[PDB]
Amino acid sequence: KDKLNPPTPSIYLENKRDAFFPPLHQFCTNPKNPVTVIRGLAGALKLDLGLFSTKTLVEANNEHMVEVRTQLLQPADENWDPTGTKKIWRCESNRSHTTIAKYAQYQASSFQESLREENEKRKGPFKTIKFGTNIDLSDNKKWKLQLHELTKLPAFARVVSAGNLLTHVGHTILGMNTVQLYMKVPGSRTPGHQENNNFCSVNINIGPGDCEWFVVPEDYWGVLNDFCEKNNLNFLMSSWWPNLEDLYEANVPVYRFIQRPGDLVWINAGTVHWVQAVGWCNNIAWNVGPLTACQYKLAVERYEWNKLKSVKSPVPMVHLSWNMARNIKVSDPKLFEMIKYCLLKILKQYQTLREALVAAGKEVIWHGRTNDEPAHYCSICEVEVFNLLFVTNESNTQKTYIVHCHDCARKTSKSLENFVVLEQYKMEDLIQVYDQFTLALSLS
C-alpha cells in the first residue's frame, strides 16, 4: 500500500515570522501528525549552529563525558546478524565512555580516512563504528552560550517555557528538561524507542551531514512491542532496529525522511522512531510536554505501563499532576477531566493507606518538605512514592531519609516495625488543592 509509505508532515520556514506563526505550533501538537519536520528552522531564526560544532565543543569543555555506543556500520535501512545471513531486530550496541576531545579526534580522523578510501578507487562482514551519544549539556556555567542560543526558538519548542509540562515538574529531569548532545559518524544509530513517558521531543541537526529518520505512529506501538517479544527483546530496554519488511508485512505505516542541518524534527507524543547518521554531524535534543489531553494521557499510560515492566519513569507523574493542579489554569475540558480523575485516585489511595496505618497503631510522622524538592522514588523498586514515605528507623535517626514504598517496606518488615512513616503533605492541604482545581474558561 502507498499508505504504508505516507508523506512526511513537513513545513519549510523562510523567516522569523514563519517560525512564530501560531499555526506552526498547532500543527506539531496535533495528534494526527506523528512527526513534523520543520525545514529551514535554524536559517529562519538565524540560529548559530556553529555554537554546537565539534570544534567549538572541544574548545568549551574538552574533558566532558561522552557515552560511546560501539556499533556495526549497516547498509541503508537494514540490520543483519553479524554473519550476514539474515535480517534481525537485535542491534550490536556496546557501551563505554570517552571525552568530547577524544571523540572529536575520532570523528575527524573518520572523515579524513573515508576521503582517502574514496581516492583509493576500486551480507557483510561489517565494520565497527563509534557513536557519541547522550552528552549532558545541563550545566549553564559550562554551556552558557549554547543554551542561550536555544532561547531564540519559538516558545513551544524551547527547553523551558510556561506552557511546557516538564517546566512545571519543578526540578531537573536530566536529558528531558535539559539538552542532550549527539556527535556522529556515518551509520551512527539511535535504535527504536519511544520517549521517556511518551513526552514529545525536539531534535536539531547541527550538520554538516544529514540524518535519516524512521517514524511509526503511536497507535501502532503494540505491534512493535509484539515483534520485540517474539524476537526475545525488551521493547523498552533492548537495542533493536526494525525490519522494514516485517513492518510492511504487518501493515504498519512507516514515515521515512531526511533531516538536514538546521532542520528541526518534532516527535509527537508516543511516536516510535529510530535514526541513523548519513554523514558526519552533530545533533541536539530534548523533550517538551504540550498541555494537551493527548500528551497527558499518553504520559500517564506509559507511567503505568512502566510499573508493570519494572522500569523506572523519569517523569514523576504524581508529583507533576499536583503541580499542574496547584499552578496551571486548565481550560480544555478533556484534559481537565483527566487530571481531576488522577488526583481523585491518588487522594483515595493515600487516604486508604493512611487509615490502614492509623488503624494498625502505626504513627504517621509530620515531615513536611523543602520547596523545589524533587519527587521521591523507592530505593528498591524505583516506583514513585508520593507523600507517605517509608524510612527505616536507622535512616530516620541518621537523617538520611532513604525512601521506600509501602510494599517494599512491608516485604522487608512484616508489621513495619523497622520503619517510620513520614508525611510530606497534610491531607487538608491536598483536599484543598483538589477542591480548588476547577475548569478555567477560555474562548480559544
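Rigid core (definition): largest C-alpha set, two forms, superposition within 1.5 Å. From 1 onward, residues are counted along the sequence shown.
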- State which stretch is farther from the displayed form on average in 8 other deposited structures of this protein, 209-217 or 369-377, counting RMS CA distance after fitting on the rigid core. 369-377
- Quick one: across the other PDB entries of this protein we compared, is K345 left without coordinates in at least a third of them? no
- Task: Give yes or no for this: do at least a third of the other compared entries, each modelling residues before and after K230, lack coordinates for it?
- Result: no
- Note on the structure: Per the entry, how many deposited residues between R122 and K123 lack coordinates? The answer is 10 or more
- Task: Give the stretch, out of 76-84 and 303-311, with the larger mean C-alpha temperature factor in the deposited entry.
- Result: 76-84
- Between 113-121 and 318-326, name whichever shows the higher mean Cα B factor according to the PDB entry. 113-121
- Task: Among the candidates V358, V272, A269, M176, give the one with the maximum CA B-factor reported in the record.
- Result: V358
- Query: Going by the entry, which of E195, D136, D210, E373 has the most elevated CA B factor?
  - Reply: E373
- Task: Tell me, lowest, middle or highest third: where does the Cα B factor of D18 rank within its chain?
- Result: lowest
- Message: Quick check for you: using the entry's CA B-factors within this chain, is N387 in the lowest, middle or highest third?
- Response: middle
- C228, C-alpha B-factor rank within chain (lowest, middle or highest third): highest
- Ranked against its chain, the third holding the CA B-factor of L439: highest
- Message: Split into thirds by Cα B-factor across the chain's modelled residues, where does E394 land: lowest, middle or highest?
- Response: middle
